[PDB]
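A.B. asks: Got a structure for you, questions after.
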Protein chains: 2
Amino acid sequence: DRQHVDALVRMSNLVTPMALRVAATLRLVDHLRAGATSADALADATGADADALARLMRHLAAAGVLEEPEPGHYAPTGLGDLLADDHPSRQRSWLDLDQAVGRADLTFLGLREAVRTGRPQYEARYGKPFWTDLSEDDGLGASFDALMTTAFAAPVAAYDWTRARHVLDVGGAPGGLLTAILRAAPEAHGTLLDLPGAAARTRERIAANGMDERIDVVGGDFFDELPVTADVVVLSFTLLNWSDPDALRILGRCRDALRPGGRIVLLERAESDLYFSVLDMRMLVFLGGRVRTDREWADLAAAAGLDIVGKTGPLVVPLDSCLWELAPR
Amino acid sequence: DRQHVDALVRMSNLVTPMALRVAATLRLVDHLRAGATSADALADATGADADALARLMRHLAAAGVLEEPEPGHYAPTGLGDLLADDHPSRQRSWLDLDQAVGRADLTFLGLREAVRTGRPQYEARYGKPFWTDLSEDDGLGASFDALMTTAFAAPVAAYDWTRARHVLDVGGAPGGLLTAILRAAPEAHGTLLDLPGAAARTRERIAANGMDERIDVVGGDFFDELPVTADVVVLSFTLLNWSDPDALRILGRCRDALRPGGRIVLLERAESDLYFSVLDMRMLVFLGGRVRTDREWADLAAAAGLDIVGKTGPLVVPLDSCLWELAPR
Ligand SMILES: Nc1ncnc2c1ncn2[C@@H]1O[C@H](CSCC[C@H](N)C(=O)O)[C@@H](O)[C@H]1O
Ligand SMILES: Nc1ncnc2c1ncn2[C@@H]1O[C@H](CSCC[C@H](N)C(=O)O)[C@@H](O)[C@H]1O
């Protein structure tokens, strides 16, 4: 069928999504807006090949991203203007192959192996798994944090944080949630554990915010014994990026760190199809893990020797969240 | 702007084009049509991971390729039925990562390096350049030839082949054009040169067609001295996949092989934007070369010590062709 074939071919297009990411990485639209509109001028500005750049811009013009106001000279359309570095959509940074999201999206090249094995393929491409790479590379981690900002009031209200004297945030970088908890709970002291590079950036952030007397930052690995005990151990959007066997290892380390009467608190994603499926596929291919159902959290808790003693949610940012309270059996 | 942002994000989608290729490679829709419709049944049939397959099919359902008639059981939509192996669109084979086109399309992962260097990136990924890989791998070469079939009457009529006693087809696999020329020219004998693996497949084809007394097949490299002299040396859709420096090397070998009075004959692509640009981008990234203008062919001929003594075209299959006659100066 002609309509079906044309639809499938449009849906199969790898050239345009790659062309957009290369253009973003080259700051192509910024150069065009500055008057470097020929392939030769763009080659001088970027270091790339003039003939190949001409062919790239021909393609982006055919896709409606650019126009050709003079022979051999390109300029952004209204659509292409979204790739300007200062555009409020930040689409240039979402697509930039030298920032964390564009870099990670290239791992979809390895989708066949992700589907064969069920394992993420970012480490296969880059030599370190995703969170470790962003920790060890200040530029990558900071770029991810900047994009993902675009007040933690709901989780601060959803739990009585004034009853917790010592709080340990496991995988807590960049420290926004723990900072909000402690500003609402004067009697609480915090410890934040994350990988060493991410922890160092968080330590600098906390000091610049005047919270270094309220929060100790520790660089380390949450698959290892945790560095302190605590009355509440917080896992905020951490377990969702791990398999059930790995999440059980993390929960075990957290349960071992509980003081008498202590609790583990999960802040997690709550349990249109296309948007949610793209997020799920990013989890399969490079972020790790999956979004669990309420039943799956109960099963995970039981396998960790934990009772679910409370759930508060949905907490309503495009996605909703849930706060879970877990206690040792 | 909301409309622009939504358009750019749709255009940026790498998940769906990769999901389609993985599904094609797994023969997923064929398995569903055979009743293996759960992730567990599909894992048994394919060897892939059941949980990852479930997430793949969720995505393809969200994209309109599949539906979920029973909980946990998927089936193709009318769109998805195009991925059945026996569908006349052959879209499963166009997308199959174990056939030549899907395998090559993954090289668009390396578009950044193609744009930086101007060089194709297939050899970087697979260890051999495209035509060499298809020559050395009978399955890949045969899959490409089968897809690209979907009578050579125009080029046979466009030149007086009855005046050529000895014809050499340089890069002539799979041999269709030379076979058509010789069936129209009783006084002509042919020699066909291609890489050894492609030449062996062509030799078998020619023998099965009863043309082995009319055509000698030689395995070799057209950057080397050619194996025979000839009255007409034919380059049919060969020079377009090479840079000007490489095309000049090939033209030099061809000019050296001309008998007195001999001619070189080019059958080439003639000089909607989106379709042609995708073809151009495939040339940049893995096929090699570019489509030249009439002016560029004249410049190439002059740099090779050749006069253009005739052009016959356009010859009208979606694309048009041109026949060029070249003579030593
Ligand atoms: N093995 C490990 N040990 C400690 N932290 C880890 C880790 N693997 C991943 N992480 C950290 O897990 C965090 C997940 S994203 C940050 C979640 C944060 N608690 C929030 O609410 O937003 C990252 O900061 C990452 O560096
Ligand atoms: N170095 C080389 N030496 C000989 N043949 C080569 C070669 N590099 C590529 N080729 C061959 O060039 C051909 C280009 S496609 C085949 C073109 C054919 N003449 C036609 O009309 O359809 C392929 O068969 C490929 O194997």
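Here the Cβ is made from the backbone with ideal geometry for all residues, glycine too, and neighbour counts use every protein chain on show. Bear in mind these aren't lab numbers, they're just calculated from the coordinates by the rules spelled out.
A.B. asks: Evaluate the distance, in nm, between pseudo-label points positioned 7 Å from the Cα of B:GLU204 and of B:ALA7 along their respective Cα→Cβ axes.
C.D. replies: Once both label points are built, they end up 5.0 nm from each other.
A.B. asks: Which loop GluC sites (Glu not before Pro) in region A:202-237, with loop taken from DSSP, have no more than 13 other Cβ atoms within 10 angstrom of their Cβ?
C.D. replies: A:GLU213, A:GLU225
A.B. asks: What is the order of B:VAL156, B:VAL22, A:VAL101, fewest Cβ neighbours within 10 Å to most?
C.D. replies: B:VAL156, A:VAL101, B:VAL22
A.B. asks: Is there a quick way to get the dipole size of region B:2-95? I mean about its Cα centre, with the Cβ of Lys and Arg at +1 and of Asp and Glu at -1; what is the value in debye to the nearest 20?
C.D. replies: Dipole size: approximately 480 debye.
A.B. asks: Of A:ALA199, A:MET211, A:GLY313, which is farthest towards the positive pole of chain A's charge dipole, taken about the Cα centre with +1 and -1 on the beta-carbons of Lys, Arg and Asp, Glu respectively?
C.D. replies: So the residue furthest toward the plus end is A:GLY313.
A.B. asks: Compare the peptides A:279-287, A:122-130 by average per-residue count of other Cβ atoms within 10 angstrom and give them in order, highest first.
C.D. replies: Output ranking for A:279-287, A:122-130: A:279-287, A:122-130.
A.B. asks: Considering all alpha-carbon pairs of region A:131-251, what whole percent are spaced by more than 25 angstrom?
C.D. replies: For region A:131-251, the share of Cα pairs beyond 25 Å comes to 20 percent.
A.B. asks: Count, for each residue of B:25-32, the Cβ atoms from other chains sitting within 10 Å of its Cβ, then give me the mean as a whole number.
C.D. replies: 1
A.B. asks: Placing unit charges on C-beta atoms (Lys and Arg positive, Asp and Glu negative, everything else neutral), compute the dipole magnitude of region A:178-310 about its Cα centre in debye, rounded to 20.
C.D. replies: Computed charge dipole of region A:178-310: roughly 220 debye.
A.B. asks: Now for a separate question. Could you please rank A:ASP6, B:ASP307, placing first whichever residue has the fewest other Cβ atoms within 10 Å of its Cβ?
C.D. replies: The most exposed by this proxy come first: A:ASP6, B:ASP307.
A.B. asks: What average count of beta carbons from other chains do you get within 10 Å of the Cβ of residues in B:282-295?
C.D. replies: 1
A.B. asks: Let me have the 222 nm mean residue ellipticity of chain B computed from DSSP H runs of 4+ only, each contributing -39500 (n - 2.57), with the sum over all residues rounded to the nearest 500.
C.D. replies: Roughly -13000 deg cm²/dmol at 222 nm, from the helical runs in chain B.
A.B. asks: Over the protein assembly as shown, what is the percentage of antiparallel beta bridges among all DSSP beta bridges, to the nearest 5?
C.D. replies: 45
A.B. asks: Please turn the phi angles of region A:12-28 into ³J(HN,Hα) values with the Karplus equation 6.51 cos²θ - 1.76 cosθ + 1.60 (θ = phi - 60°), one per residue in order, whole Hz, x for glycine and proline.
C.D. replies: Values per residue, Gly and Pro as x: 7, 5, 9, 5, 5, x, 5, 4, 5, 5, 5, 4, 4, 5, 6, 6, 4 Hz.
A.B. asks: OK, next. With point charges of +1 on the Cβ of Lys and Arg and -1 on the Cβ of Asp and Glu, referenced to the Cα centre of the protein assembly as shown, which listed residue (A:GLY47, B:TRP324, B:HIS166) lies farthest in the positive direction of the dipole?
C.D. replies: B:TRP324
A.B. asks: Round to the nearest 0.05 the FRET efficiency obtained for B:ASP256 and A:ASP44 when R0 = 30 Å and r is the Cβ-Cβ distance.
C.D. replies: Result of the calculation: an efficiency of 0.15.
A.B. asks: Out of residues 5 or more away from B:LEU66 or on other chains, whose amide H comes under 5 Å of its own, with H placed 1.01 Å from N in the peptide plane?
C.D. replies: Close amide H contacts, sequence-distant or interchain: B:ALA61, B:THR77.
A.B. asks: Using the Cα centre of region B:2-95 as origin and beta-carbon charges of +1 (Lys, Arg) and -1 (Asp, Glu), tell me which of B:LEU56, B:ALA19, B:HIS4 is placed farthest towards the positive end of the dipole.
C.D. replies: Farthest along the dipole direction, towards plus: B:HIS4.
A.B. asks: Fewest Cβ neighbours within 10 Å first, please rank B:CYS254, B:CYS322 accordingly.
C.D. replies: With the sparsest Cβ surroundings first, the list reads B:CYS322, B:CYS254.
A.B. asks: How much FRET efficiency would the formula 1/(1 + (r/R0)^6) give for A:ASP221 and B:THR77, where r is the Cβ-Cβ distance and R0 is 45 Å, rounded to 0.05?
C.D. replies: That pair, A:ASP221 with B:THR77, gives E of 0.45.
A.B. asks: What percentage of all Cα-Cα pairs in the protein assembly as shown are separated by more than 33 Å?
C.D. replies: The answer is 57 percent, as a whole percent.
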